[PDB]
Amino acid sequence: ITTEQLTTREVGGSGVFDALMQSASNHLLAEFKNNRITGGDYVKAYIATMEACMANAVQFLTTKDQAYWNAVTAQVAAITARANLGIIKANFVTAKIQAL
Amino acid sequence: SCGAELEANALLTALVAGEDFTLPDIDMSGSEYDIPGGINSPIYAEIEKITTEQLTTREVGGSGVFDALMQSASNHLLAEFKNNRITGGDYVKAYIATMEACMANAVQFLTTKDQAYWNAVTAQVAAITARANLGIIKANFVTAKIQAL
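Residues numbered from 1 in each chain as written, not as in the entry; some residues may be left out. Chains lettered and ligands numbered in written order. Part of a larger assembly, values for the part shown. Heavy atoms only, no water.

- Chain B carries the name Gp54 in the PDB entry, which gives Escherichia phage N4 as its organism.
- The title attached to this entry in the PDB is "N4 Empty Particle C6 Tail".

- Looking at the PDB entry, one finds chain A named Gp54 and attributed to Escherichia phage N4.

**Side note on the packing of helix α3 (residues 65-81) of chain B against helix α4 (residues 88-97) of chain B**
All names here are of chain B.
Reasoning step 1: Contact geometry for α3 and α4: axes closest at 10 Å, N-to-C directions at 155°. For the element pair α3 / α4, the angle class is roughly antiparallel. For α3 against α4, the interelement crossing comes out right-handed. Contacts between α3 and α4 pair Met70, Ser74, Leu77, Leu78 and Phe81 from the former with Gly88, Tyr91, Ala94 and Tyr95 from the latter.
Reasoning step 2: Broken down by class, the residue content of the contact of α3 with α4 amounts to seven nonpolar, two polar and no charged. (Axes fitted to C-alpha atoms, helices over the stretch in contact; angles between N-to-C directions. Helix = DSSP H or I, 4+ residues; strand = E, 2+ residues; numbered from the N terminus. Parallel < 35°, antiparallel > 145°, perpendicular 65-115°, else oblique. Left-handed = near helix turned anticlockwise from the far one by under 90°. Contact = heavy atoms within 4.5 Å. Nonpolar A, V, L, I, M, F, W, Y, C, P; charged D, E, K, R; others polar.)

**Considerations on the interface of chain B and chain A**
Reasoning step 1: Contacts between the two partners involve 53 residues from chain B, matched on the other side by 42 residues from chain A.
Reasoning step 2: At the boundary of chain B with chain A, total buried surface from both sides reaches about 4300 Å², with 72% on carbon and sulfur atoms.
Reasoning step 3: There are one salt bridge connecting chain B and chain A.
Reasoning step 4: Along the contact surface separating chain B from chain A lie 10 residue pairs in polar contact.
Reasoning step 5: Among the secondary structure elements, those contributing two or more residues to the side of chain B that touches chain A are α2 (52-55), α3, α4 and α5 (99-148) of chain B.
Reasoning step 6: The residue makeup of the side of chain B that touches chain A, split by class, is 32 nonpolar, 13 polar and eight charged. (Buried area = accessible area lost by both parts, 1.4 Å probe. Salt bridge = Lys/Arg side-chain N within 4 Å of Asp/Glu carboxyl O. Polar contact = N/O pair within 3.5 Å; in protein donor to acceptor, adjacent residues only side chain to side chain.)

**Here we look at the packing of aromatic side chains**
Residue and element names in this part refer to chain A.
Reasoning step 1: Applying the stated criterion to the full structure yields four aromatic pairs over all chains.
Reasoning step 2: Taken together, a centroid distance of 5.9 Å and an interplanar angle of 40° make the contact between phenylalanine 32 and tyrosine 42 tilted. With a gap of 10 residues between them, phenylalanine 32 in helix α2 (residues 16-32) and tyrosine 42 in helix α3 (residues 39-48) connect regions that are remote in the sequence.
Reasoning step 3: Note on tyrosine 42: relative accessible area 18%, which makes it buried. (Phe/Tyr/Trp six-rings, centres within 6.5 Å; stacked < 30°, edge-to-face > 60°. Buried < 20%, exposed > 50% of the residue type's maximum accessible area, 1.4 Å probe, protein only.)

**Some remarks on the environment of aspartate 20 of chain B**
Reasoning step 1: For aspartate 20 of chain B, the position within the fold is in the loop between α1 (4-15) and α2.
Reasoning step 2: Here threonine 22 of chain B takes part through its backbone nitrogen, which lies 3.2 Å from a polar atom of the side chain of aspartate 20 of chain B.

**Notes on the side chain of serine 23 of chain A**
Reasoning step 1: By secondary structure assignment, the location of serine 23 of chain A is in helix α2.
Reasoning step 2: A polar contact is formed between the side chain of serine 23 of chain A and the backbone oxygen of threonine 57 of chain B, at a distance of 3.4 Å.
Reasoning step 3: Once residues within four sequence positions are removed from consideration, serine 23 of chain A is found in contact with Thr56, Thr57, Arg58, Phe66 and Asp67 of chain B.

**A few points about the pattern of salt bridges**
Reasoning step 1: A complete count under the given rule lists three salt bridges over all chains for this structure.
Reasoning step 2: In this structure, the salt-bridge partner of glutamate 31 of chain A is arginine 36 of chain A, at a minimum N-O distance of 2.6 Å.
Reasoning step 3: Its relative accessible area of 9% is what places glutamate 31 of chain A among the buried residues.
Reasoning step 4: With a closest N to O distance of 2.6 Å, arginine 85 of chain B and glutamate 80 of chain B form a salt bridge.

**Describing α2 of chain A**
Reasoning step 1: In this model α2 of chain A runs 24 Å from its N-terminal to its C-terminal C-alpha over 17 residues, within 8% of the 24 Å that 1.5 Å per residue would give.
Reasoning step 2: Counting buried positions along α2 of chain A yields 12 of 17 residues, so the element is predominantly enclosed. (Expected span 1.5 Å × (residues − 1).)

**A short note on the environment of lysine 113 of chain B**
Reasoning step 1: Tracing the backbone shows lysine 113 of chain B in helix α5.
Reasoning step 2: For the pair formed by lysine 113 of chain B and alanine 14 of chain B, sequence separation is 99 residues and the distance between their alpha carbons is 65 Å.

In structure tokens:
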């Protein structure tokens, strides 16, 4: 993970922070073309969410990969547990024999 | 030969006569002692890495989680808009005020979306395994009684 992935110096880049800015701007511009918000009103709302997007970008980027690998570990354990289930059935017969 | 096995059977029956040693009869080949959801289950489905595209798309109304909340919130407001109870200026103002709330919840939901599912899967597998171990406990119960003798 590098600072380039978090945000690019250019606006509208591949950075996570950049993606939130463009996504937020597009939603505001959708109503801008609907003739319900003025240009001055649009930019004011866009600026007010600058710190919110930056704060969430750091939180999302850090935990983006952690969730994926936790799911992978659970999947592998489930397969391993299924394999161990066959051993349990074999041991069940062994316990019956040992009683005799 | 010479009826060696016949003598052993007679001695074993007489020596251990007078006590019950019926082993439990449990069929482990049934579907109860097997995990449901075979090769076609979502468990075996490939896990896809989480990317920023899934969180939100640059286009409005896309498949992103953040996009879904925006469209869902807008539709509810537009429902009353067609009911002639809110003006257009009032509608857009309420829509904007929830922008940060939707974004904050989108990150929280997306991160924990898969964690809850796999925790449930692990519990289900453990329950099946515990049921299989239950039969072993019954067998060991008879063993404990024999060991006392």
